[PDB]
């Protein structure tokens, strides 16, 4: 069985590597030659692609790219990927994109005679390396079921979301809620500082209250040690939060608290600290 894999970036690369380690016939296509080298170095069963048309014979094509614009550009041009596919081929989309975009992708695929699944990824690239990341698969239940043997190779539990928009939405919501939780935690810590409470003590005390959150337990200590080393890049956070905020709002929503979080992430990125971790928004919270 013949797999193509466009984009072996930070989360896509680990899934492609796991496919290669499992002996599958993966041919990677990435504009970064050494992303390709890194992923291709996991076994002798994976090969690189000279151009996009090298993926035309493929039975399954994975896509993992940074922006919805990129997925549409690679898959949906006249000289894009979808026009070169066998009917019956399946496009699995791993990118954290918005529901509008992936619905457009799915209708393209169905209109040509191809199958399409959205498959957004949870947790860390560290998890994805071990296939211990959740998969949120949406799309035609027939294809999710048909591909039952594939999923354990790439992901943790294979959650079936039903619709493709659910698949995008659960990923975006988890990042919206987590990053807003973090922005709110930063607001709390900064308030405590105006009351003369050291961050350390404030965290220790809040730990046994109803204010507790995963971000509190995980990133509170880092903020308390002025540690902003990249774990989840601030500009990655901002990208995903902005995308989710656009996704709502396209649905007519208001989500004021999350919009405020979006604002603080934008302000931090503008301060030029987009390469630091999420918690760097603390540095611009006031």
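Residue numbers count along the first chain shown, from 1.
May I ask you to compare 77-85 and 176-184 by their mean CA B factor in the entry and name the higher one? It is 77-85.
Residue stretch of maximal mean CA temperature factor, 91-99 vs 142-150: Averaged over C-alpha atoms, the B-factors run higher in 142-150.
Between 257, 247, 241, 49, which one tops the list for C-alpha B-factor in the PDB entry? Spelled out: the listed residue with the top C-alpha B-factor is 49.
Third assignment of residue 279 from its chain's C-alpha B-factors: It belongs to the middle third of the chain when residues are ordered by C-alpha B-factor.
Residue 20 by Cα B-factor - lowest, middle or highest third of the modelled chain: Top third by C-alpha B-factor.
Ordered by C-alpha B-factor within the chain, which third holds residue 130? Give me lowest, middle or highest, please. Answer is highest: the recorded C-alpha B-factor places it there.
In terms of the CA temperature factor given in the entry, to which third of its chain does residue 208 belong: lowest, middle or highest? Ranked within chain, residue 208 CA B lands in the highest tercile.
Report the third (lowest, middle or highest) to which the CA temperature factor of residue 124 belongs, ranking only the modelled residues of the same chain. Its C-alpha B-factor, which the entry lists for residue 124, ranks in the highest third among residues of this chain.
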